[PDB]
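# Inside the fold
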Amino acid sequence: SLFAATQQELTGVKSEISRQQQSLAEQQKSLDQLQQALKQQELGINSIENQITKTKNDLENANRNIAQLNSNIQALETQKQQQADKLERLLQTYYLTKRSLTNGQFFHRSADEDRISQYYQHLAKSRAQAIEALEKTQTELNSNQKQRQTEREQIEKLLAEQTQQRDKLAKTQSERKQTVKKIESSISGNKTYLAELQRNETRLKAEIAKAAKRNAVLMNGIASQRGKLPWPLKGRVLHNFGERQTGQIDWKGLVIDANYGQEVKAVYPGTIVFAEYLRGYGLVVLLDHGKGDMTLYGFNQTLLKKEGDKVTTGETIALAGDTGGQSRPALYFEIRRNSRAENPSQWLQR
Amino acid sequence: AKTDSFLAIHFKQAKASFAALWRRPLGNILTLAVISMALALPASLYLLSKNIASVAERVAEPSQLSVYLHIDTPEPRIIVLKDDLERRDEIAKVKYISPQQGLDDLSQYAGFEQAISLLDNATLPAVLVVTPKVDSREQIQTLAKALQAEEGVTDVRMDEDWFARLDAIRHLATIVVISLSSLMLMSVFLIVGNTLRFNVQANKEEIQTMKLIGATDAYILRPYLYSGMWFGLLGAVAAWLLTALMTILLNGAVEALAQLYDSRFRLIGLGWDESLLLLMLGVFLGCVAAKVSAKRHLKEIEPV
Amino acid sequence: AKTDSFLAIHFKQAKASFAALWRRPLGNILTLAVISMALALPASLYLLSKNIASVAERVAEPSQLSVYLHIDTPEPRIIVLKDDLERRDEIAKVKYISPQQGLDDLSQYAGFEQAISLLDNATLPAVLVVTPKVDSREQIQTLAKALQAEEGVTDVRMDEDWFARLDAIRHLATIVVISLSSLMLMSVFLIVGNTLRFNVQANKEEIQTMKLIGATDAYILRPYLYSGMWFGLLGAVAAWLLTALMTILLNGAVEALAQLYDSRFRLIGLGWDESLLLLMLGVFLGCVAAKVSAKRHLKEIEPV
Amino acid sequence: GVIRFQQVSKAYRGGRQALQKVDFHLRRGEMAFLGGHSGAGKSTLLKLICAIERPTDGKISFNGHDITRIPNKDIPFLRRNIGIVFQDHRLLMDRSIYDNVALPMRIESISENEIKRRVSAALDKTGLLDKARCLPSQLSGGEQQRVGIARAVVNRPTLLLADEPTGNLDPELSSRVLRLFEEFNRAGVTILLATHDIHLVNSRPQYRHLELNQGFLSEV
Amino acid sequence: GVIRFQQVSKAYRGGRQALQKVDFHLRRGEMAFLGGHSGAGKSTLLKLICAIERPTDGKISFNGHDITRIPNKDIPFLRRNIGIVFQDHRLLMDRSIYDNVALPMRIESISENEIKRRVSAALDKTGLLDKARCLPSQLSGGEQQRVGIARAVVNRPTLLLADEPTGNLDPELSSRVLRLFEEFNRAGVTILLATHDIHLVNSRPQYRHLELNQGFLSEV
Ligand SMILES: Nc1ncnc2c1ncn2[C@@H]1O[C@H](COP(=O)(O)OP(=O)(O)O)[C@@H](O)[C@H]1O
Ligand SMILES: Nc1ncnc2c1ncn2[C@@H]1O[C@H](COP(=O)(O)OP(=O)(O)O)[C@@H](O)[C@H]1O
Ligand SMILES: [Mg+2]
Ligand SMILES: [Mg+2]
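Residues numbered from 1 in each chain as written, not as in the entry; some residues may be left out. Chains lettered and ligands numbered in written order. Heavy atoms only, no water. Residues with missing side-chain atoms left out of burial classes, pairs and counts.

### Some thoughts on the overall build of chain D
Scanning chain D for helices and strands turns up seven helices and twelve strands. Its C-alpha atoms give chain D a radius of gyration of 18 Å, within 12% of the compact-globule value 17 Å for 220 residues. (Helix = DSSP H or I, 4+ residues; strand = E, 2+ residues; numbered from the N terminus. Rg over C-alpha atoms; globule rule 2.2 N^0.38 Å.)

Set out below in structure tokens:
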């Protein structure tokens, strides 16, 4: 019986380990579901924000057309008043110089009948032209006013659309905060959080490796620009390279506090190789500077550049945000050379 | 032995007489055309006479003088000015035309309905008409000068008052119309009689045979009466159609003439009453001519 | 066998035919009256037309050419154009009317004693008139039109028969003339035919016996030809007398009208050369109508 | 009687006298021949009887009513009772036979159906029913004379007067025409035939013969 | 001869044939009677001879000159040679007897004096010289017929045609008219009388008789 205790104890430990593994698997599955939900929420917020910006731009475009229509309407009103005065005086002159035949008002004695007839015909022709022009301008003004009113009605629809988008964005933001809070509470276990961090870090390496093997940038690299790279964003550094993030996991990049929607500028010219959403880092933009030198910008709320697009130094590539489950807005800056992460502080200018 | 109804025999005779005209096409057609033309010409002459008479009656106004007030003049000011003018001596009467009444008068003319509507507020000057007590031209000129200097008007208009010339022209037209109408009526009356005489002479044998039998005179006479009546009716209808086709052209010509000036004029055609009188005159003339000629020629025919 | 000469038979036939008209006085008198009236109608119309044409020609026969400048041309260029026109030949006499002068003329025409207000100074375009220095009307008109076209003048209204135009004289007068001529031809060509047909019918037995014996057709026909010729001649004379009486009737009425106007005028009767044409027309119509109708009606009469 | 004369005499404008004191009487149903010479008064007598020309001396009685001074407005009514046949067989060449025979009826304005039946009866009686729709030109002389007789007798005349009806026919057709007149007399229609042919009158002595000689009527 | 036929025949529009293969010859001076029945072709023959109606089958020769297709302009010249007498004694009632008898001469436009003498001679020959200035109305029937004969014969015709001249006269005057025709024939004027009276023709057998029967001419 003494020898059989060890095997029985292992089964009990294995059952507890299996139960713990099953609980960990259920917790991991719940975390994966929470991560999937957060990714949908984060992507939805960016899509909603882009729609809001588009609608705002459309409204701005309408505004200028509204001003042009108002100026045209003012000019048309001035022309209408002038032509109305002209037509009124011409009609009064005709009322004065009727010259009706049936009342014996014809053939004034000792006058140039041909010349007076020519005067009358010219006056009538001028009246006809004036009334035709007045009708034309009035019709054009009425059509423009009808179109201008329709444009205002269309703006109303745009405003309605923008209001609905704003409400959805607010609801999405609240849900994302709740999703983040649930993940953080469930990540209270030190062991669970460390394993998740390793998988995200492992996931980043695979994506970086695939991108590196796809686009072989012919650039000269950023080696010659050591210590002179402009700061991608203006803000206070929250976490330095090599700082202990959690347990035995140390940050591989520089975390700089940034305001929501803050513009993020590329440190050096390069070609974008990865502009997708990555678990644990939010929106990540990968720029390849050639010779194996690449720069990564994560946690961006929205990405403006797409994969394969060329970016110049100082150009806005993405907007800083809290993507990737961050509790506050920030921008994650990482510099990688030969697939090895280097301290950003040694590259950025002091 | 049964006899047809009084109306039936007359209707049958009328139908037979109408059918008879097809026997000799050329002569009947020519006489009908001449009758139509000779009845149309007096109609046109009378139409011109009536138009001239209407114009002369219209021009009968005693050289009425028109006064135009300023467009912006207040209505109470216009009323006060009208009262003062009425009080002033040498003015027979004063008539005030409101701006909207003048607007309606102007809108009566063609081509002005659209402009008035398009204008937000059409505002014609208040037109006032003053009839001088004395028709003398010197008095008219003096009164016009005084009204212009009255310091309450913007313009003054005066009429032509050419009554005598139009009266003389009307008298001349009346004489010409009477003479030509009389000549044409006599010509058409006499033309019918000759054709009836020739027709009676054509069928001498049948008339002799009928009179040899105990035929009455009225029976022999009726067909010629109805032929004359048909001649008259057809001639009058053709004359009315020709008169209409002539008045359309005359109206077109007068409209073209008046178009040279900005005003327009329209001719007053013969009324519904005139056409009925024309038909009655044609029928009466034809029937009387046929009766007299046929009877006179018929008395001189013996059965053997 | 003694035979009469060519002229003797014709003279005897003429005298006998003239004497024959008295056998039936009424029948041959009514036809003469109808022919006289039908022929006198157009004669009187022509007389009035000639009188009015003479009046129109008499009133004034000057020559003046008018050119209308375009409204677009500014005032300073008017002096330059005037100088250029004066420099060129055939432009010796020139008169210029300012737009203000034209406005004053228009105000006077409507009866206003003073220039009408609220019309502005741009109511009418400036107008220039050039006298015809060259008697060649066609060449002068062509040169004036070319000069106006070169200068950009909107219109070149050379003096002409504006009243005649292409509306009244072109169509209505021609239609009236054609209608009156057709009436004259038909009425005369008709009644003459019917009377001769009736005369031939009245002599059916005599014509039958004459044909049976062996008389030639021309012998049968000639008396009716001469009867028609006499009808035409007498009708023409009666028409001349009727027109003279009509002129006598209208003399007073025309005198009253002519006195009122400046131009003193007197009615003028038909010229002595016109009377010969009238008689020739009458005899020609009579002879042609008689020949045609008599031959056509005499074809269909067999000896037995 | 159907007609009577009282010393009637006619004098022409020229001064020649056709009739002088002629007196004869006709009773209804009788027939007479009224023979005469080339002159005499046969045609003048036939003209007088039907009031075409008025007399001068005596008086004429038709049915007891004086015809001496009949007003001109009553002549048509008198003539309606008398049918007249002439040597010339006066016919309207333009119209058809049915129209020629129907004229006496149409003059009175009779209905079309009765006219048709009566004309058919008369034409059948005279033997011309077959050619009722043909023109008179196509018919021969005897047929034309028979058509004339039918036209004369269509209107049931009380007295029928014939003025040498057989002038233009040879004796062969003379016999037929006389037999037709005899049949009409048998029907009850009074007749007064007039002829200068002595042979024809001598052929049939049944009917009283009146000889007219230089305006005098022997009546024997 | 004065006239000759060569198988001449006439067919009317209706389809009835008046003449069928008629052939006869006349020598100058002869006289003929041309007897026929009520139908036959007497009147049609007299119409054909004087060119009033043209033939259809054969040819007609007047004096060796064909008359079959004589142009219409030459008919008056032919008719001037032929005198025609009709039963109706066609006379112009308006004019005087001297005018009626003088018409054939005046048609040729002959001088007045010659017309007067010739007309007086003709009227004396016919015995009417006394009444040369009277109207035809006053004359009796026989006088009118004699005036007609004089008018026919005034112009010295080569051939004289009579169409039943004795239709309206009793036999007493028939004898006188026939004797007058005989005198004219003795003068040397060819005659072709036409009558249906068998008695008159049988009275005088000297002259050749041609019988016309249903359009056929026996010539016996
Ligand atoms: N209109 C007339 N004027 C004068 N005399 C006439 C007129 N008509 C006939 N006569 C004559 O009167 C007489 C009557 O003759 P009439 O009876 O007509 O003969 P028939 O019977 O043969 O025709 C005749 O001598 C005739 O010439
Ligand atoms: N115009 C015509 N149309 C048709 N047939 C006719 C015409 N005239 C005569 N006929 C016919 O032709 C034939 C000739 O007859 P006709 O010689 O005239 O007789 P008659 O000698 O007694 O006068 C007759 O049968 C007649 O009916
Ligand atoms: Mg007799
Ligand atoms: Mg015969």
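Back to the write-up after that little detour.
### Some points on the overall build of chain A
When you go through chain A residue by residue, the secondary structure sums to three helices and 13 strands. Computed over the C-alpha atoms, the radius of gyration of chain A is 38 Å, more than 25% above the 20 Å expected from 2.2 N^0.38 for a compact globule of 350 residues. Dimensions along the principal axes, computed over C-alpha positions, put chain A at roughly 150 × 55 × 35 Å. Put simply, of all contacts in chain A between residues at least 6 apart along the chain, 60% involve residues at least 24 apart. (Contact = heavy atoms within 4.5 Å.)

### Re the interface of chain B and chain C
Facing 44 residues of chain B, the contacting portion of chain C comprises 43 residues. Broken down by secondary-structure element, the contributors of at least two residues to the side of chain B that touches chain C are α2 (25-58), β4 (155-157), α7 (163-202), α9 (217-259) and α10 (272-299) of chain B. Tallying contributions element by element places α7(B) first for the side of chain B that touches chain C, with 21 residues. Looking at the side of chain B that touches chain C, its residues break down into 27 nonpolar, eleven polar and six charged. (Nonpolar A, V, L, I, M, F, W, Y, C, P; charged D, E, K, R; others polar.)

### Notes on the interface of chain C and chain A
Accessible area lost on assembly of the parts is the figure often given for the size of an interface. Contacts between chain C and chain A engage 18 residues on the former and 18 residues on the latter. For the side of chain C that touches chain A, the leading source of residues is helix α4 (residues 99-109) of chain C, giving five residues. Of the residues assigned to the side of chain C that touches chain A, the class counts are twelve nonpolar, three polar and three charged.

### Notes on the domain arrangement of chain A
Under the domain assignment used here, chain A contains domain 1 (4-186) and domain 2 (190-346). With centres defined by C-alpha atoms, the gap from domain 1 of chain A to domain 2 of chain A works out at 40 Å. (Domains from an automatic or database assignment.)

### Focus on the packing of aromatic side chains
On the numbers, 6.4 Å between centres and 90° between planes, the contact of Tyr94(A) with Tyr109(B) is edge-to-face. Of this pair, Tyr94(A) sits in helix α1 (residues 4-96) while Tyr109(B) sits in the loop between α4 (99-108) and α5 (113-118), on two different chains. Following the ring pairs from residue to residue traces out a cluster consisting of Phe106(A), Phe107(A), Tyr120(A), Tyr261(B) and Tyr109(C). A cation sits over an aromatic face here: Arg127(A) above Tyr94(A), 4.8 Å from the ring centre. Sitting over the ring of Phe86(D), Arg90(D) keeps its end group 4.8 Å from the ring centre. (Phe/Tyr/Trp six-rings, centres within 6.5 Å; stacked < 30°, edge-to-face > 60°. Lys NZ or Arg CZ within 6 Å of the ring centre and 35° of its normal.)

### Side note on the UniProt feature "binding site: ADP" (unreviewed entry) in chain D
Residues and elements named next belong to chain D. UniProt records the feature "binding site: ADP" (unreviewed entry) for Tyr-12, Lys-42, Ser-43 and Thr-44 in the present numbering. Relative to the assigned elements, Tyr-12 resides in the loop between β2 (8-10) and β3 (19-22). With residues near it in sequence (within four places) discarded, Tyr-12 still touches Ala-18, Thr-44 and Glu-53. Mapped onto the secondary structure, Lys-42 falls in helix α1 (residues 42-49). At 3.4 Å, the side chain of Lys-42 forms a polar contact with the backbone oxygen of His-37. (UniProt positions renumbered as here; feature names shortened; annotations may be inferred. Polar contact = N/O pair within 3.5 Å; in protein donor to acceptor, adjacent residues only side chain to side chain.)

### Quick notes on the arrangement of the chains
Highest in contacts among the six pairs of chains that touch are chains B and C. What separates chain A from chain D at the closest point of their C-alpha atoms is a distance of 61 Å, and the two make no contact. Spatially, chain C is disjoint from chain D: no contact exists, and the shortest C-alpha separation is 14 Å.

### So, the pattern of salt bridges
In this structure, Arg95(D) and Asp99(D) form a salt bridge, with 3.6 Å as the shortest nitrogen-oxygen distance. Linked through salt bridges whose partners overlap, the residues forming this network are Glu206(B), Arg95(D), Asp99(D) and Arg106(D). (Salt bridge = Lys/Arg side-chain N within 4 Å of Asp/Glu carboxyl O.)

### Here's the deal with the sheet that holds strand β9 (residues 159-163) of chain E
All names here are of chain E. If you trace the four strands from one edge of the open sheet to the other, you get β5-β10-β9-β8, paired in parallel fashion. Edge positions in the sheet fall to β5 (31-32) and β8 (82-86), since each has one partner strand and no second. Against the sheet, helix α1 (residues 42-49) contacts β8, β9 and β10 (190-194), and its axis sits at roughly 150° relative to β9. Along the sheet, helix α6 (residues 171-187) contacts β5, β8, β9 and β10; its crossing angle with β10, the most-contacted strand, is approximately 155°. (Pairing = 2+ DSSP bridges. Axes fitted to C-alpha atoms, helices over the stretch in contact; angles between N-to-C directions.)

### Thoughts on the side chain of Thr195(D)
All names here are of chain D. Here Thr-195 lies in the loop between β10 (190-194) and α7 (198-203). Side-chain polar atoms of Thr-195 contact the side chain of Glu-164, separated by 2.8 Å. Residue contacts for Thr-195: discarding those within four places in its chain leaves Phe-33, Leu-34, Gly-35, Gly-36, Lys-42 and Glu-164.

### Looking at the pairing of strand β3 (residues 127-130) of chain C
Residue and element names in this part refer to chain C. Inspection of the sheet shows strand β1 (residues 65-68) paired to β3 by four bridges, in the antiparallel sense. By the bridge assignment, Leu-65 is partnered in β3 with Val-130. Relative to β3, strand β2 (residues 94-97) is paired through four bridges, and the arrangement is antiparallel. Bridge pairing links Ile-97 to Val-127 in β3.

### Details of the packing of α7(B) against helix α8 (residues 217-260) of chain C
Think of two packed helices as two axes; the pair is described by the angle between the axes and how far apart they sit. In the contact formed by α7(B) and α8(C), the axes pass within 8 Å of each other and the chain directions differ by 170°. Classified by the angle their axes make, α7(B) and α8(C) are roughly antiparallel. Along its contact with α7(B), which presents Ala164(B), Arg165(B), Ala168(B), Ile169(B), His171(B), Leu172(B), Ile175(B), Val176(B), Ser179(B), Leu180(B) and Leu183(B), the element α8(C) presents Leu242(C), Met246(C), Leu249(C), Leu250(C), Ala253(C), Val254(C), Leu257(C) and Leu260(C). Looking at the contact of α7(B) with α8(C) residue by residue, the classes come out as 16 nonpolar, two polar and one charged. (Parallel < 35°, antiparallel > 145°, perpendicular 65-115°, else oblique.)

### Focus: the packing of helix α3 (residues 97-107) of chain E against helix α4 (residues 112-126) of chain E
All names here are of chain E. For the pair α3 and α4, interaxial distance at closest approach is 10 Å and the crossing angle is 120°. Considering the angle they form, α3 stands oblique to α4. Of the two elements, α3 crosses α4, and the hand of that crossing is right-handed. For the pair α3 and α4, the contacting residues are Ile-97, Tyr-98, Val-101, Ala-102, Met-105 and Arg-106 in the first and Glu-112, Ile-115, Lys-116, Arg-118, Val-119 and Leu-123 in the second. Broken down by class, the residue content of the contact of α3 with α4 amounts to eight nonpolar, no polar and four charged. (Left-handed = near helix turned anticlockwise from the far one by under 90°.)

### A short note on the sheet that holds strand β12 (residues 216-217) of chain D
Residue and element names in this part refer to chain D. Taken together, three strands build an open sheet; the order of strands is β6-β11-β12 and the sheet is mixed. The strands lining the two open edges of the sheet, one partner per strand, are β6 (35-36) and β12. Two elements, strand β11 (residues 211-213) and β12, share two bridges in a ladder whose sense is antiparallel. Bridge pairing in β12 places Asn-213 opposite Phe-216.

### Here's the deal with the environment of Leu250(C)
Relative to the assigned elements, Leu250(C) resides in helix α8. Filtering out sequence-adjacent residues up to four positions away, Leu250(C) remains in contact with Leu172(B), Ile175(B), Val176(B), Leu48(C) and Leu267(C).

### Quick word on helix α4 (residues 112-126) of chain D
Its 15 residues place the ends of α4(D) 21 Å apart at the C-alpha level, agreeing with the 21 Å of an ideal helix rising 1.5 Å per residue. One or two positions beyond α4(D), positive phi appears at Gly127(D), with a value near 80°. (Expected span 1.5 Å × (residues − 1).)

### Here's the deal with the environment of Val153(B)
All names here are of chain B. Residue position: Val-153 is located in the loop between α6 (137-148) and β4. For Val-153 and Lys-2, which are 151 residues apart along the polypeptide, the C-alpha to C-alpha distance reads 90 Å. Every residue in contact with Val-153, bar those within four places of it in the chain, is listed here: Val-67, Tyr-68, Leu-69, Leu-147 and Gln-148.

### Some thoughts on unusual backbone geometry
In this structure, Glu219(D) takes a positive phi of about 70° despite not being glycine. Of note in the backbone geometry, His89(E) takes a positive phi value of approximately 45° without being a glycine. Checked against the element boundaries, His89(E) lands in the loop between β8 and α3.

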